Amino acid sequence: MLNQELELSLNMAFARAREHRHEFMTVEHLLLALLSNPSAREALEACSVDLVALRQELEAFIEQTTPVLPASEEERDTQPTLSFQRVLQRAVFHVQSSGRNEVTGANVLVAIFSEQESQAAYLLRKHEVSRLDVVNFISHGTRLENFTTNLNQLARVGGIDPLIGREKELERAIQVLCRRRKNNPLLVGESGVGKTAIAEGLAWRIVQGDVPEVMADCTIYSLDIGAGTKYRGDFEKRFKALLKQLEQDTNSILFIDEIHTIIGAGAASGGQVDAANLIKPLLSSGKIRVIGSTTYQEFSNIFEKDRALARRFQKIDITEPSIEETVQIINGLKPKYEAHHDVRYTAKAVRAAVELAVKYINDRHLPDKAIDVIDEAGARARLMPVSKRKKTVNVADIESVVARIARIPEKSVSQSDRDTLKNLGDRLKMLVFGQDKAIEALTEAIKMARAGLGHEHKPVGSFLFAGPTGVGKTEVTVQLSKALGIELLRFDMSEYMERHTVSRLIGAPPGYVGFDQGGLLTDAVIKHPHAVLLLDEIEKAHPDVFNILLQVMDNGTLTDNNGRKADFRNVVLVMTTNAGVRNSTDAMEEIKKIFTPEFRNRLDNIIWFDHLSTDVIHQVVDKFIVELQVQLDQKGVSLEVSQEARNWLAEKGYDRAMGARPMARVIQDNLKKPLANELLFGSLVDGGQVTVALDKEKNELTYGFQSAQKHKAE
């Protein structure tokens, strides 16, 4: 009773149903099958139907609504719906009654129209295909500039990707826009949640006539945004001309995506908020409606408490879609992604994209991150030259995709990083002396973190460098940053005490915590994610800084503005202290008294620094002499410093209270200054020799000079 062609179309659609593993074969599956069927295809072509725009829509509906049965043991195979059988019987009854031999696809197509409540019938009516057109086919023949504006125009073609679900939110927006006062919807939600999607989706509903009667003549023009808009062009005169052009007496809605840029954040010149607040009630011969978009926090403080327009807008909470609602969203977009990637995603991969992104991609939200994993996974197939189809198993693909987004970044094996880290303790020991323990405890902690051992939610290392003044605490961290090849961010905590400096001259506390949070600390760590953060004199810092520090050491993040701006994941935090000296006896309790157990227990290590021995002080002196020798040897000048003069430099360049802090000046005043004259207009111009000695019963340095081409004669 049925054609060979139609019987094939049925079998091929039955085939797709036990591969996608559908429990139901529906009327929508039937129309989908009919797109392959020559008679139904020619009928639809006759009415000027874009087969693809119908293809994508049927496919999207089918995947969102058909139950999936890959579970276990219990009896399930594809079962046609009562409705599906009803359409075929309607087609056979009509054909037999018409005097025709067999049922063709075009006859089944006529039978679908009679399923009054079906989606298949609904789509045929949307594509403007009437039942009469198929009957007659069978019988006879045996304003703004340039950005992403005018969403109504983008909807009539195919620029806007479809909006799935969210009826309550659109309904609420339409109702808000329909009010007499406070007519302006304000979509509030996290990034990726689907705010732009709702605005764009509204423009489609206006075109489709699914927003009737008084909102038919509406057009949604989208403005340009995305935190302060004034570069060049004078914002005040272009906007005034725009709002007036939007007003000739029309029902024009203006979508301002990321509305916190113009208003709330505080601009430089006028116009901005001041001009947008103007047209909201009645300050002309007309009125405009605005759809805004912002995040939870930027609505909370900068919009509602600071107040720029808050009351005139109606807030609509746009929540993150749940797992199953996101599965429906992905299922509704899946066919267009599959067409583009030439690949098929299994229902298990779809659920996995959603569920794995929820668990592991915490920095992002719902639809957005799940859609990016799905797009990324399909693109990934191309890299295997062809694009390997994907049978019934894709979870593993999704797992690699999610793993790459969620984590990974680190090179650390058999060479470059290996040699540096294996010699880090030796490289530092050749610049900082008498503190082998400190260096060893520090490098042990770096290597450990570099081996992938440690936490991902915490800094590379959090250390408390404790010890006396001038023993190598600052020098070690400066060198640590030079040996690791990373930036050095330095902050003095004595400049971050809240109100201690006044009677002198300096005084600036509206910042401090505001200096660190608002800008400085956050800005520096965003600019240089891989760095060593040195905080001098940590004991002098205000408790607000300590809470901020307690968060860094726990969360690995710090928040000034959202999207989790400051990332301390790749930072070596170093805090130096002069607190409990290793006029105080120290063996235990001293450092413990000054810093709370809560702050101390978040440290990776309290790295202790000892006093400098007599031998160490001499090594420091030699280091200064060798640096000078390096400079002098290049100019053909040889510097020799005697033992007695080395003892004299050691004596003068080391205070027990100040450490080796006075050494640089002592070396400068006694070894560098006395050679300037001779190197410029004396015996050392063409090279030579300097001998520095000591005159004992005088305790002052002796300076001998000798010159020559090289060392010719004496």
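Residue numbers here begin at 1 and follow the sequence given.
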Continuity check for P543 and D544, given as deposited residues lacking coordinates between them: none
Enter the number of deposited residues without atomic coordinates between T142 and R143, binned as none, 1 to 3, 4 to 9, or 10 or more. 10 or more
Averaging the C-alpha B factors as listed in the entry, name the stretch that ends up higher: 621-629 or 410-418. 410-418
Between 500-508 and 474-482 (mean CA B-factor, as deposited), the higher: 500-508
Deposited CA B-factor, highest of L309, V460, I198, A377: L309
Using the entry's values, work out which of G192, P468, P321, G226 has the largest Cα B factor. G226
Among the modelled residues of its chain, does the C-alpha B-factor of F239 lie in the lowest, middle or highest third? highest
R646: which third of its chain by C-alpha temperature factor? lowest
Check where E714 lands among this chain's C-alpha B-factors and tell me if it's the lowest, middle or highest third. highest
Here the Cα B-factor of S36, set against its chain, lands in the third termed highest
Can you work out whether the C-alpha temperature factor of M25 puts it in the lowest, middle or highest third of the chain? lowest
